[PDB]
């Protein structure tokens, strides 16, 4: 466990007061999923950009640099190619739209200088993308780090990882401040690395596990601790919430980042996915943790009306 995600999150799950795993539900869900050999959907080619290897690598870094927090009222929505999108697909569509119209979002020099008005345009739609100013700041940071340390080419970073997913995550968090996703729980560091790990899985997807998307150790990735997958796990009965936390989610009350409740959700998400992975493998359906994450995130796109709302964090 070379990044320390499973180890540090396990300490949280063992001590967690507001969240816990129902291991019976894990078994039952594993039974049904294994029975019908459920598979994550293939990496989406419609709403993701495609290009030569240098531009594509840079595109994946930018996509995942700003891959966070899409909730808020009035709901942020995007119109692209005769369809309306929200959440992640709104992000994806927005970038694809910008690149098609020839915005140089894969060029480090442009990213280093990108303005608030640039990103407001790129993500123009109904409402406004949350944390707009932050996204502008992250893209400027991303650009100037690319330019300074990687000759403007994320492919330089990828090459230095030598086909290790774990090594690339560590290269990314070392160089790019925005990707440093750790917190504390009762005085101990907890390590998550959501966006850094999702980046690696997205290279694998975009490059079909060849060239720059070749990795020999993808099993070492964890789930990407977000707000949608815990909502799915709660829906499937795998995550249970204590009274005050349940009521907070129901009221759509925001939870401060790094607070005990929030850290417990994220840790239990990691271990909820890991426990489902082990239970599936037990029943002869071997998937990597990132695949179980993909599969659950996909289920999260068509949850029934009146499932408990996902938790709302911000920072």
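Positions refer to the first chain, counted from 1.
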- Comparing 260-268 with 280-288, the one whose average Cα B-factor in the PDB entry is higher: 280-288
- Comparing 151-159 with 193-201, which stretch shows the greater average C-alpha B-factor in the deposited entry? 151-159
- Item | Residue selected from 63, 30, 57, 38 by maximal Cα B factor | 38
- Note on the structure: Highest CA B factor of 181, 217, 188, 100, as deposited, is found at 100
- Query: Among the chain's modelled residues, which third holds the C-alpha B-factor of residue 75?
  - Reply: highest
- residue 221 - which third its CA temperature factor falls in, relative to the rest of the chain: lowest
- Message: Quick check for you: using the entry's CA B-factors within this chain, is residue 295 in the lowest, middle or highest third?
- Response: middle
- B-factor third for the C-alpha atom of residue 96 within its chain: highest
- Among all modelled residues of this chain, ranked by Cα B factor, put residue 47 in the bottom, middle or top third, i.e. lowest, middle or highest. highest
